[PDB]
Amino acid sequence: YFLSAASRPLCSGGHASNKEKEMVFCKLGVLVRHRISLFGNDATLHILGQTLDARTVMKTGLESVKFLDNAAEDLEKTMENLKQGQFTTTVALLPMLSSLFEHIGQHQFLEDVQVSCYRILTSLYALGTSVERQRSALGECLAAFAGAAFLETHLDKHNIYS
């Protein structure tokens, strides 16, 4: 019932423990976190946005290693955040300033960081089915993708222009 939504709030603190597990064997545990969140996105209001703010702290620890199989499975976790955006205040736009500035550091990397933005392009497709400086910082990811396999993050730059 509503205890399962409180179990999602308690699992966001368990995802904050997975942020400590992503600091260090635990890379296959992030691949299990993607398949379990994909079924939890098929399973699905301010505590759920705070669980996405606790997932923004989990995205801050995941931006440090952007191994490569965990970042490729993070695309399956970002496609789960797209279906979690297909399930439906100013702290969620602060999470967009941490994920767009980490895309400029992701320009040094390899295809798994572009796969995480290709599935986050479906999160922009699901937010359209449902703060402007983060889209201008997402327009910096357009110069990071189209300057140099190059069409994967370029299609994500078309959904980042919205």
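Give the total of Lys-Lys pairs in the chain with Cα-Cα distances below 22 Å; include a pair only if its members are 8 or more places apart or on different chains.
Pairs that pass both the separation and distance tests number 18.
Which value, in debye to the nearest 20, describes the size of the charge dipole of region 35-81 about its Cα centre when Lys and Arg Cβ atoms bear +1, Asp and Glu Cβ atoms bear -1, and nothing else is charged? Write down the numbers at each step before the final one.
On the way: 5 positive and 8 negative charges, 25 e Å.
The calculated dipole for region 35-81 is roughly 120 debye.
What is the sum of charges, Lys and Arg at +1 and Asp and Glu at -1, for the other residues whose Cβ falls under 11 Å from the Cβ of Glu140? Present the calculation step by step, with values, prior to reporting the outcome.
Numbers: positive: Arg133, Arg135, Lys157; negative: none.
Neighbourhood net charge equals +3.
From the C-alpha gyration tensor of region 25-162, pull out the three semi-axes of the equivalent ellipsoid (sqrt of 5λ each), sorted largest to smallest, in whole Å. Spell out each step's value before the answer.
Values: eigenvalues 89, 69, 39 Å².
Working from the Cα gyration tensor, I get semi-axes of 21, 19, 14 Å.
Taking a virtual spin label 7 Å from the Cα of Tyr1 along the C-beta vector, which residues in region 23-46 bring their backbone nitrogen under 18 Å of it?
45
Apply the Karplus curve 6.51 cos²θ - 1.76 cosθ + 1.60, θ = phi - 60°, to the phi angles in region 55-64 and return the couplings in whole Hz, x for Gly and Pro.
6, 6, 6, 5, 6, 6, x, 6, 6, 5
Could you tell me how far the Cα centroid of region 68-113 sits from the Cα centroid of region 137-162, in Å?
After rounding, the separation between the Cα centres reads 14 Å.
In debye, nearest 20, what is the charge dipole magnitude of region 1-44 about its Cα centre with +1 on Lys and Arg Cβ and -1 on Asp and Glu Cβ, if you could check?
The dipole magnitude comes to about 80 debye.
Magnitude of the Cβ-charge dipole of the chain, K/R +1 and D/E -1, about the Cα centre, nearest 20 debye? Working shown, then result.
Working: 15 positive and 17 negative charges, 69 e Å.
Its charge dipole is roughly 340 debye.
Ordered by residue, what ³J(HN,Hα) values in Hz, to whole numbers, does region 74-86 give under the Karplus form 6.51 cos²θ - 1.76 cosθ + 1.60, where θ = phi - 60° and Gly and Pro are x?
These are the phi-based 3J(HN,Hα) values: 5, 5, 5, 6, 6, 6, 5, 5, 5, 6, 6, x, 8 Hz.
Picking from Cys117, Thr153, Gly139, whose Cα lies most toward the positive end of the charge dipole for region 94-162 (charges on Cβ: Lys, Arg +1; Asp, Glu -1)?
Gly139
If packing is taken as the average number of other Cβ atoms within 10 Å across a peptide's residues, how do 32-41, 68-77 rank, most packed first? If you can, show how the numbers build up before the last one.
On the way: 32-41: 16.5, 68-77: 20.2.
Top of the packing list down: 68-77, 32-41.
All of the numbers you see were taken from the coordinates with simple rules; none came from a lab. For neighbour counting, all protein chains shown are included, and Cβ atoms are generated from backbone atoms with ideal geometry for every residue, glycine included.
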